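Visitor: Chains as they are written, first to last, in the numbering used here: chain U, 1 to 207; chain V, 208 to 334. Yeah, the Cβ is synthetic: ideal placement off N, Cα and C, and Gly gets one too.
Have a look at this one:
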């Protein structure tokens, strides 16, 4: 069944949960654009972040696990043949989001997979190195001008390499949903006070 | 504020049939999911059957497939579980469940993940 593999596997949020997350992400993009902490550092980044990221996910929001490219991607077949992948296909999950983030290229949500969910994370250089398994897991909320969504995962890894050693620094804002951190280079992270739960289905997208 | 009211359980001889019913009060919209979970002696609660009111899509635990049928009455906001050819292994506390997300709840998610709303449970004893 190699030739019948999807473009990618992942957790695809339901219609209702995709909308709840989309709205939460839009609220963040507008809160952030109007924080003077953010305004100060536009040299490093009025800018309306909602329009800036007006390359929309042409579909439901999702957390990709394995890019397969219909079986041409490296490791596509070994991922998809796993028993846990077959048995999880079509099943319902409630995933945890711990933070929202923005860079000059992407806007996203950080997904904190549990040990059990990591079984669906696929089995590196020096951007995922030293970080826990599955740290790349994210939901893209928007991309800038010419950016493709694969970039969102690389941007989150870069941010998390900072958080690793407390380079996150002191908070520069205390929003009702969490504290706001300026990581420099136009990088921003809202650490949510309480995790967001999103309902999703593990499945595959064929383009 | 949603409330789930269960009925239809009790004692039945092996090979018999029961129909469980659960009425949901307090939902403000039609597009939600309802289903049934069972706790057998010594075991954790497990999804038995779930349904999406609008789509009608159904999930069945493999051990009940063919024997149990789930259905809804739209106007009455009630779900029904028709249990035929009952076996002693079907004994347990049966719990109605509902969830506001019809796509999530209609898949009978594991209780690890959960459902938004739960009934109190009704006993089915198959002798």
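1) Considering residue 199(U), what are the terminal residues of the beta strand (DSSP E) in which it resides?
2) In chain V, which residues lie less than 8 Å from residue 201(U) when you measure between Cβ atoms?
3) Let me confirm a value: residue 182(U) is counted as buried when at least 16 other C-beta atoms fall within 10 Å, else exposed. Which label applies?
4) Give me the residue from 25(U), 21(U) and 120(U) with the minimum Cα distance to residue 76(U).
5) Select from the stretch 262–279 of chain V all residues with a C-beta closer than 8 Å to any C-beta belonging to chain U, and list them in chain order.
6) Mind the definition here: the stretch 256–266 of chain V touches the stretch 238–248 of chain V only if three or more C-beta pairs lie below 8 Å; say whether that holds.
7) Just the C-alpha distance for residue 103(U) and residue 157(U), rounded to the nearest angstrom, thanks.
8) Give, in chain order, every residue of the stretch 79–93 of chain U whose Cβ lies closer than 9 Å to some Cβ of chain V.
9) Taking the beta strand (DSSP E) that residue 47(U) falls in, what are its first and last residues?
10) Starting from residue 38(U), trace the alpha helix (DSSP H) in both directions and tell me its first and last residue.
11) Cutting at 8 Å between CB atoms, please list the residues of its own chain near residue 131(U), excluding the five before and the five after it.
12) Determine the closest residue to residue 204(U) out of 149(U), 126(U), 80(U) and 177(U), with distance taken between C-alpha atoms.
13) When Cβ atoms are compared, which residues of the stretch 12–27 of chain U fall closer than 8 Å to chain V?
14) Consider the Cβ of residue 321(V): report whether some Cβ of chain U lies at a distance smaller than 8 Å.
15) What do you reckon, are the CB atoms on residue 178(U) and residue 191(U) nearer than 8 Å?
16) What is the DSSP secondary structure of residue 135(U), counted as helix, strand or coil?
17) Excluding the 5 residues preceding and the 5 following residue 323(V) in the sequence, name in chain order all residues of the same chain whose CB lies nearer than 6 Å to its CB.
18) Check the C-beta distance from residue 201(U) over to residue 45(U) and give it rounded, since I have them as a contact under 8 Å.
19) Mind checking which residues open and close the beta strand (DSSP E) that includes residue 172(U)?
20) Taking just the CA atoms, how far does residue 74(U) sit from residue 8(U)?
21) With a threshold of 16 other CB atoms inside 10 Å of the CB of residue 155(U), please say whether the residue is buried or exposed.
22) Does the stretch 133–140 of chain U come into contact with the stretch 54–64 of chain U, if we say contact requires no fewer than three beta-carbon pairs (one atom in each stretch) closer than 8 Å?
23) Could you say if the stretch 307–321 of chain V and the stretch 211–225 of chain V meet the contact criterion of at least three C-beta pairs nearer than 8 Å?
24) By Cβ distance below 8 Å, which residues in the same chain neighbour residue 243(V) in space, the five residues on each side in sequence not counted?
25) What residue from 283(V), 298(V), 319(V) and 274(V) has the CA that sits closest to residue 220(V)'s CA?
26) In the DSSP assignment, find the beta strand (DSSP E) that holds residue 289(V) and state where it starts and stops.
27) Assuming residue 61(U) and residue 88(U) are in contact, meaning their beta carbons sit under 8 Å apart, how far apart are those beta carbons, in whole angstroms?
28) If you draw a straight line from the C-alpha of residue 98(U) to the C-alpha of residue 186(U), how long is it?
Guide: According to the data block:
1) 187–205
2) 310, 311 and 314
3) buried
4) 120(U)
5) none
6) yes
7) 12 Å
8) 90, 91, 92 and 93
9) No beta strand (DSSP E) holds residue 47(U); DSSP gives it neither H nor E.
10) 36–40
11) 157, 160, 161 and 164
12) 80(U)
13) 14, 15, 16 and 17
14) yes
15) yes
16) coil
17) 306 and 307
18) Rounded, the Cβ-Cβ distance is 35 Å, inconsistent with contact.
19) It is not in any beta strand (DSSP E) - residue 172(U) carries neither H nor E in the DSSP assignment.
20) 12 Å
21) buried
22) yes
23) no
24) 227, 229, 254, 255, 256, 257, 277, 286, 288, 301, 302, 303 and 304
25) 298(V)
26) 285–290
27) Incorrect: roughly 19 Å between the Cβ atoms, too far for contact.
28) 20 Å
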